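Okay, structure first, notes after.
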Amino acid sequence: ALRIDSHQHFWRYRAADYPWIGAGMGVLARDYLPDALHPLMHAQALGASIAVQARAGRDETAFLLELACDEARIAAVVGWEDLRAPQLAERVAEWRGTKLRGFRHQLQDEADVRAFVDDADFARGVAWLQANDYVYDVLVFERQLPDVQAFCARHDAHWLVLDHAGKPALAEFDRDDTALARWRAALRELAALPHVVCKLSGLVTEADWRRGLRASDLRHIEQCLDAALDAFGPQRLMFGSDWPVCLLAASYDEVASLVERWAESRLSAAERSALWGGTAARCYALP
Ligand SMILES: [Zn+2]
Ligand SMILES: [Zn+2]
Ligand SMILES: [Zn+2]
Ligand SMILES: [Zn+2]
């Protein structure tokens, strides 16, 4: 039974190359490389991780695959390509033989997510990915979930992974008594598709981390974990740390422990084994 952190990032920091790292995120404005990640996974008895593109550009893919090439603690890479380019097939061929297992576009930052995913060229690209057993990670804000519903139903030839449980507006749960229900309804609509699975990661950072995580935030996160479990089922949940991004809000140990405590309560031993690497292993085709 593999134990896998299914979602983390690496980078040599350069401000202009990571526009999403902005004011007040000083902790991220430095290098994070596999050597810093190792002890963190060691403490959680995690054996290997999956490195996910942290910026747009083929060079990010090159970078991650270089880090990964001969490092056993990196089991796969989720890269970046322009999926709308007709040259997509020839460019991906450059990564043949490698640990590349999937792709991700930062849909959340698009101005018209729905127009973007429904685009005929992008659609053609995602269809090619699926025809070739590449996973596609879906990264959207909670409000954008209905915008990708038709896109996820359409692309059903291979696994789609919903990143960060679709980012519930955790900071709003006490101001907005519709926030949890709205997201749960959309989550359920996606989870009804058998080829879509869910990453349980990136939750601490949807809370109001600038003020500091509080006990109420942890309770809301458990409500989201419970809703994810109900909608997806225990065999379609995948742990990820979202390190180093999670450091805005919590330590790696804190991120794993809150999932661990929740899992000991809700899941059987075999289901925990799925959560902690079994599901990532089968969906990303890990050895
Ligand atoms: Zn070790
Ligand atoms: Zn190599
Ligand atoms: Zn296939
Ligand atoms: Zn991430």
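We number each residue from 1, following the sequence as shown. Both counts, for ligands and for their atoms, begin at 1 and track the order of listing. FYI, side chains are in, hydrogens and waters are out, and symmetry mates aren't considered; it's all heavy atoms of this structure.
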task = Please find the N/O/S atom of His42 nearest to the Zn ion (ligand 1) and write down its name.
result = ND1
ask   = Would a 4.5 Å heavy-atom cut-off, applied to side chains only, mark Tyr13 and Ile21 as touching?
value = yes
ask   = Shortest non-hydrogen contact from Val52 to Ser6?
value = CG2-O, 4.4 Å
query = Do you know which N/O/S atom name in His9 is closest to the Zn ion (ligand 4)?
reply = NE2
request  = Check whether any side-chain heavy atom of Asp176 lies under 4.5 Å from a side-chain heavy atom of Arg182, and answer yes or no.
outcome  = yes
message = Need the atom name: nearest N/O/S atom of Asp242 to the Zn ion (ligand 4).
response = OD1
message = Surrounding CD of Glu66 (heavy atoms of other residues, nucleotides or ligands, distance under 6.0 Å), is the total greater than 12?
response = no
message = Please determine whether the number of non-hydrogen atoms from other residues, nucleotides or ligands lying under 6.0 Å from atom CZ of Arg30 exceeds 12.
response = yes
query = Taking just the N, O or S atoms of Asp133, which one is nearest to the Zn ion (ligand 3)?
reply = OD1
ask   = Is the Zn ion (ligand 4) less than 2.8 Å from at least one N/O/S atom of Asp163?
value = no
